[PDB]
Amino acid sequence: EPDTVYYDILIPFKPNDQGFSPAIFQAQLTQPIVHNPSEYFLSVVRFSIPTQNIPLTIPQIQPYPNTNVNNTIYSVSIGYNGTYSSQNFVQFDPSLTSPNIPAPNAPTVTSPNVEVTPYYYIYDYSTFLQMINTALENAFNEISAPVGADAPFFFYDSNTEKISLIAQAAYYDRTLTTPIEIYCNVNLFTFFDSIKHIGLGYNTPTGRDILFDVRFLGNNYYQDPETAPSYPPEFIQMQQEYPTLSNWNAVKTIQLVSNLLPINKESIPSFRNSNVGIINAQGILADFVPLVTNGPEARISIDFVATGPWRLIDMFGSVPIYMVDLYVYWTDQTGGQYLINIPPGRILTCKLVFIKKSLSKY
Amino acid sequence: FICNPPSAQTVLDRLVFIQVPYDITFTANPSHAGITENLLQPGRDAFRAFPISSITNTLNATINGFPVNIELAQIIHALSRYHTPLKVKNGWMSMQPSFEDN
Amino acid sequence: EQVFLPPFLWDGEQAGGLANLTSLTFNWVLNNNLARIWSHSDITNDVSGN
Amino acid sequence: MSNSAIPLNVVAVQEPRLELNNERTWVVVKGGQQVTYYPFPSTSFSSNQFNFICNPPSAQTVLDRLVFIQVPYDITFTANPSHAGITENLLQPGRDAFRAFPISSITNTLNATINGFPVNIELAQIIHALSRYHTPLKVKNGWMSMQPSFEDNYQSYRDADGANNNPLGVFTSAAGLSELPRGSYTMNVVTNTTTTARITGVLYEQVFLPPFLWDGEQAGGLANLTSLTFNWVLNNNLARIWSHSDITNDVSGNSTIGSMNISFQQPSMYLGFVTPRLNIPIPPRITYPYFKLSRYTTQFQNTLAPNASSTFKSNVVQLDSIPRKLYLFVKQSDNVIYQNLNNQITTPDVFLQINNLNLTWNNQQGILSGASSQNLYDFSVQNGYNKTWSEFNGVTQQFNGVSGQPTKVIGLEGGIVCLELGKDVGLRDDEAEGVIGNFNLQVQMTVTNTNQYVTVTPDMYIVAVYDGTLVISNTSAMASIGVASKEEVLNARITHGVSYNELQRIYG
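About the thresholds
Residues numbered from 1 in each chain as written, not as in the entry; some residues may be left out. Chains lettered and ligands numbered in written order. Part of a larger assembly, values for the part shown. Heavy atoms only, no water. UniProt positions renumbered as here; feature names shortened; annotations may be inferred. Contact = heavy atoms within 4.5 Å. Core = buried A, V, L, I, M, F, W, Y, C linked by side-chain atoms within 4.5 Å. Buried < 20%, exposed > 50% of the residue type's maximum accessible area, 1.4 Å probe, protein only. Helix = DSSP H or I, 4+ residues; strand = E, 2+ residues; numbered from the N terminus. Domains from an automatic or database assignment. Buried area = accessible area lost by both parts, 1.4 Å probe. Polar contact = N/O pair within 3.5 Å; in protein donor to acceptor, adjacent residues only side chain to side chain. Nonpolar A, V, L, I, M, F, W, Y, C, P; charged D, E, K, R; others polar. Pairing = 2+ DSSP bridges.

Under the PDB entry, the name given to chain D is capsid protein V20, and the source organism is Sputnik virophage. Anyone opening this PDB entry will find it titled "The 3.5 A resolution structure of the Sputnik virophage by cryo-EM". Under the UniProt heading Function, the entry covering chain D gives this text: "May self assemble to form an icosahedral capsid. Most abundant protein in the virion." Of the comments in the UniProt record for chain D, the one headed Subcellular location reads "Virion".

In the nomenclature of the PDB entry, chain C is known as capsid protein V20 of Sputnik virophage.

Asks: Before we go on, may I ask you to explain the arrangement of the chains in this structure?
Replies: Sorting the five pairs of chains in contact by contact count puts chains B and C at the top. With no contact formed, the shortest span from any C-alpha in chain A to any C-alpha in chain D equals 13 Å.

Asks: Please explain the nonpolar core as it appears in this structure.
Replies: Grouped burial of nonpolar side chains is what soluble globular proteins tend to show. Residues and elements named next belong to chain A. One finds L42 and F212 to be the most contacted residues of the largest nonpolar core, which totals 82 residues. Considering each element in turn, this core owes the most residues, seven residues, to helix α1 (residues 129-140). Residues from two domains meet in this core; each of domain 1 (1-56 + 249-362) and domain 2 (57-248) gives at least three. Beyond its immediate stretch of four places on either side in the chain, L42 contacts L261, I263, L285, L312, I313, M315, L352, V353 and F354.

Asks: Looking at this model, I keep getting lost on the interface of chain B and chain C. Mind explaining?
Replies: A common way to report how large an interface is uses the accessible area buried once the components associate. Tallying the contact residues gives 48 residues for chain B and 46 residues for chain C. Buried area between chain B and chain C, both sides added, is near 5,000 Å², and the carbon and sulfur share of it is 62%. In terms of surface lost to chain C, no three residues of chain B exceed B:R14, B:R48 and B:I55, which account for 17% of the buried area on that side. Applying the counting criterion to the chain B and chain C interface returns 26 residue pairs in polar contact. Elements that contribute at least two residues to the side of chain B that touches chain C include exactly β1 (2-3), α1 (51-54), β2 (56-63), β3 (66-70) and α2 (72-79) of chain B. In terms of residue class, the side of chain B that touches chain C is built from 29 nonpolar, 15 polar and four charged.

Asks: Looking at this structure, how should I read the sheet that holds strand β7 (residues 117-122) of chain D?
Replies: The pairing of strands in a sheet comes from backbone hydrogen bonds and takes either a parallel or an antiparallel form. Residue and element names in this part refer to chain D. Strand order across the open sheet formed by four strands is β2-β10-β6-β7, with antiparallel pairing between neighbours. Because the sheet does not close on itself, it has two edges, and the strands there are β2 (53-54) and β7. With two bridges joining them, β2 and strand β10 (residues 228-234) adopt antiparallel strand pairing. Along β10, the bridge assignment pairs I53 with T229.

Structure follows, in structure tokens:
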């Protein structure tokens, strides 16, 4: 009967014999919280989630004909004279991750898209850039020369916190008359930008458009660091000004849902196109998009202390409440559920509030 | 699901259910091998009864804006044991895999 | 699978229906594990046993 | 109690273990003196048709509703060229029995006139629809235990053996307190080998058609009858009594058995006359419930197999009165299966599975068109269907565990949808279960065949059953359908008094 009662929901940590925790908690409470919930607006403060376990990205595989479960919707190019190289895509190799998970099966006629197994998760920038590298390198080698010159590579600074692009340096700078060039799949682009990039006509049949430009044009010279310094400097560097965390993320939302509290049922949006429609109805408690920018680390943890004003959900029937049930999920486009997982070292904590309707509303 | 009665003063029958087309694949564990003979056996492996209900953490329905929910997971295997007679067991119930664990 | 919660009923006896409803709506949240659908024989293991 | 949205009224009850007080009475149970029984032997049986006539003693003796007819017989099979094979005893332990139910399956029609007004039921195919329908285990295992009466549940015998629920097995091998399989019913074998076999016995079958009853409870037996004469007429084919399994016959389609003949010795029929007490007298004229089955059948040219679907159109009809109940089962055709016995003896008694049905009663179409097959089963069970969902719509994945054969599929049984018109179709207002007028139906429907073994040409059905009242007075037999008027039916003082279910019982 009192005007307002708070409740605390925390979930500890429970691994399987196989190390994994379901971030759900559910509990029958040994004695009713609200005497009669017809006159309460339920709302939530202070909820918090360990995000330490989520991929940085789930890289996307081309939906076929494509029978290697592995190579993706990515590519690169080199030019010289200008003889081109047919784009080599990029092959997301398992053993840089895993290596110990079963791989799925590439899908002729039937359904064409490979469903996402925890197998595709990639954490770090250290792990993905190191993949473009094996591609550019492997690309370049079809079109040799002149003389000796390493193919370019991507590296990500810690605290930069910005990805870079290193390339020689007395060729292939774009101001020289004989320059070698880089191109992409225009899809892969989103991560790399904003390097300095001349645009070329979007999605052309033969691979190659967008043109990462080396030439400086800068307070931009760079060297080493694997030999004693030398004049002129070793290679040009073109770090992106913007620094993004970003386009990169696989986290597109998170969603606490609770199938117990008398509540009211609001619909979540789909990623389907055709159609929209079609309002669905299930209770939805609290849920937020990633707040840009909380700056990495935000990969470390999400947090939502309420800042006002009270945001109310409703409550309906007249059953004294006996159960706190709560589920947490993180979603990616294309919009699949993936119930969140709590890492060995952290505890997952919501809070709750009931207010007596009469104080708030006439 | 979300479904509103078609018309005014339309009474609604009380047996409700749900059909759900599925797909499953089994994979062998690379220990103890072999491992001779087909993975699925003749009188060795079949559905748990009743399947969907057992793997439901909880189901909710709200008749006319007032919420009613049950806890399907643990309640069931005990609520299923009685009050069942053979007549009834053989009837409505039969659709879902229906036999107990002796 | 039958919907199992009263008022709705699963025993073969028949009793009045719920007029005058405006909007029914259900909601199924699946238990996380999903292996629990299958059963097995401990025998086929055998002797190790994984 | 007056605690609800609308106040409700209270009463108390006492828990079973204590009343302990309420008025007791002593209920003496009066039944007329001198119950008797007598075997009336058939005045002029034959091989083609046989027929009994009996007259109740007088105006005041009440005959009872449960009648049956026992008939002694012999048979003889003889191994044909050129199958053999020709090894082992011509009958085998798991493979042979009578069809459930044996003489019922052969009757072309059974006619029985009462008190001078003739009521008859066709029986060859109408009997199997009614067979699965209303019985439960405890009543199946009572009166209906005399005819070899276990329903054929597989789509062909061939696969059945040897399952401990196989439809024609030996007594041992059938679980404890259950329905025992067809093979168990006794008759002596005078001889058996290869090249010959000969059996003799006596098979009971209780005459089916209403008024006479086959379900356990008793309703007042017909009186005051003046005279009563049955008479059957059988199908010439007659080879249908025996049923035989497939496996034993060899490949090249050759059959061990063919051919053989049957014999009957004069058969009888047992009536039970009861006569009332001195002081309690029976009213001059009385009134019994009077049912009436009918069958409409439509066959087509097209064929489907071994498991492809089809849709079909039943012929249009006009119905004099809305009937109480209807049955709509489509079964392997009658055109075939009277030609060429081995097949004729062999074929089971199951029908094709219903993928769905679309029905039109008068001036509406599309009734039930979006209802999934599963729904039909539920209403049918509600009417008493009694078979599990697995067999209805039957098929089964029984899986092999050997490297590396494919894994057998079994064709199982059949489905037979039933609807009650008030319960299920919904009759327009001012109209109800008994009323008269002219309402045309035409039931389109889609079906798949399931047994893996043979191609099938299918003939659809519709059994309807009207409910009337028939008055007997000696000697008269007025009978009338829909008693029953449109204005009276509309006015309809309604009693919150009687339950539905008690009403359910006096079927049907």
